[PDB]
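Naming follows writing order (A, B, C, D and E), and every chain is counted from residue 1.
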Amino acid sequence: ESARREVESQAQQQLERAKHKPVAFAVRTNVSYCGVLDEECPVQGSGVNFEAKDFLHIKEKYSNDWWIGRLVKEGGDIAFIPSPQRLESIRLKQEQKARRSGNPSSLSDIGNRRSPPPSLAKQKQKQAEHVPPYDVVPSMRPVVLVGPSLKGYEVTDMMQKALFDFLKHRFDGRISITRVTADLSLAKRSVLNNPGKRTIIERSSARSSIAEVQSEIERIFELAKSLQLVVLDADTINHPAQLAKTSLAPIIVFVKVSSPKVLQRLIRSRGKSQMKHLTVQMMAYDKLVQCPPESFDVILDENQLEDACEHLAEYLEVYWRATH
Amino acid sequence: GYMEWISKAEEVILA
Amino acid sequence: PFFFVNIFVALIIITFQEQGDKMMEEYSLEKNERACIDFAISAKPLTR
Amino acid sequence: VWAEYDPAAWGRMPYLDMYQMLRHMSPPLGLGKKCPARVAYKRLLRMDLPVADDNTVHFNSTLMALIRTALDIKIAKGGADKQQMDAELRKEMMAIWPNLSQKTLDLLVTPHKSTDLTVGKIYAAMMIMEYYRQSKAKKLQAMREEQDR
Amino acid sequence: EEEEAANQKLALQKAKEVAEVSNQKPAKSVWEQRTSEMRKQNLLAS
């Protein structure tokens, strides 16, 4: 047919003309689906074989069924990813190849109970959580440093100020440093339509701190849309799970001492002031190191300054070359 | 190693 | 004479290198089995 | 002591006297005069020394088994692994001693045939017979102590 | 030996972040060899 070849050529020239244009926004996925094996894509052979835990970048507009995207992989070419409704449709198609998907079991029961599919067999039900296949995340991954122990204390404070000064100095002109004095662990998306929309409601949630924390969320988004790498100097988060289910999806950097024996004397070296909070300062270390390392993105398990320095320099270097 | 780390980090506390 | 001379003696004893003995990477169990199995090879009963 | 037992010292000594062989000398090579019989027989199982048709054991073959057992040279716990560790040991000995005659090698590391009657087989049978005799003796005692009520 | 092991382990762990882009020890002295053999023999006792 001539129409399919014509739309193929049109998509090809649109991709060629859109190779050098700014990226619009990014998406987050939670299902391992391949966009190259689907025959409904406008262009065959130019799909994306992306697994879960992956980020995609959208630049231009195609239709309500497919979009033009790019991978965070280095050297990844321009491909097409399904739309969220297209992903819902393909998820529905995934469970229809099986013998049964609704209530009527096939345990030697054919022709007795036809059981036409009710509203229970469609995606209308199972709406208690209903996690969307796509999540909105900042275009550039934010970087968060976790205290080897409770933030706001001397030892940890110098531990992250060293990295902050290094990223500022070596990488000036392309990285912006922002400090979040307020909390950031109260980032929720499926609680209510608008809890405390106005400050004049005099509600319990209106006069609480959740409004400012909610306002903190999107400024990270606008800083990410500027292509400039941004870090988060949050003084409240001390565990990856505290900021893992939110829509930020940040890069978490682990600065840790190899042994608590070294940490105790390192705390001792500060003075008598830290002796009072030393007791509670051990648990912030041991609970955090008990966390599995797969949650953490990068690990700094060494004690020399320059080796860890170049380690993180090269990590953000590979992140830089990933999206350029 | 960690004392060197804290020394360099604390030295730049001046501003 | 009591301390440095004995340090010299101890250092020379400790850091001594065996003469020859090839390179012995191919052999696996010869830490103490060498002489035992060698004497087993060259064993002669006492004769009256 | 081996040379002493045999005044001729021809290099072959009966397998029965080999139990008195081990008890007179002190450990680790020997067993000691105070060694229990069960502990004595258990070590004999690991030697796997073949017995010649004249019911004697060779001087050199016993020594290699004695050395091997005390130092755990390659000593596999059983199965087809034993043939592989005998094969590896033979290659290593040839690599260290190229001039070692094949007859001497087969004398020190005996090629294992299934039909060969080894010392371990002889001592395994008597323990099984003794265990069977002791198990039967207990069974008659059990069938009698339970019948007097 | 521990600094060498740490260097290889740190390099291996760091290489996961860059995966997207993609000799001989000196001969041991007689003293050291015999000491290692005695250590192994004594640990065999357990």
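FYI, a contact is a pair of C-beta atoms (placed from the backbone, for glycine too) under 8 Å apart; a residue touches a chain by one contact, two chains touch by 3 or more.
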{"item": "Most central chain, judged by mean C-alpha position against the global CA mean", "value": "E"}
{"item": "Chains linked by the largest number of contacting C-beta pairs", "value": "C-D"}
{"item": "Separation of mean Cα positions, chain E and chain A [Å, integer]", "value": "38"}
{"item": "Length of the line joining the C-alpha centres of chain A and chain D, rounded to whole Å", "value": "68"}
{"item": "Averaged-CA centre spacing for the pair chain D and chain B, given as whole angstrom", "value": "70"}
{"item": "Inter-chain centre distance, chain A versus chain B - centres from mean C-alpha coordinates, in Å", "value": "32"}
{"item": "Residues of chain A touching at least two other chains", "value": "302"}
{"item": "Every chain pair in contact, whichever chains are involved", "value": "A-B, A-E, C-D, C-E"}
{"item": "Complex contacts: residues of chain B adjacent to chain A", "value": "1-6, 8-10, 12-13"}
{"item": "In the complex with chain D, residue positions of chain C that touch it", "value": "26-30, 32-34, 36-37, 40-41, 43, 45-48"}
{"item": "Sites on chain A touched by chain B in the complex", "value": "155, 158-159, 161-162, 165, 257, 262, 266, 269, 302-305"}
{"item": "Touching residues on chain C, where the partner in the complex is chain E", "value": "13-18, 31-32"}
{"item": "Chain A-facing residues of chain E, complex", "value": "6, 10, 13-14, 17-18, 20-21"}
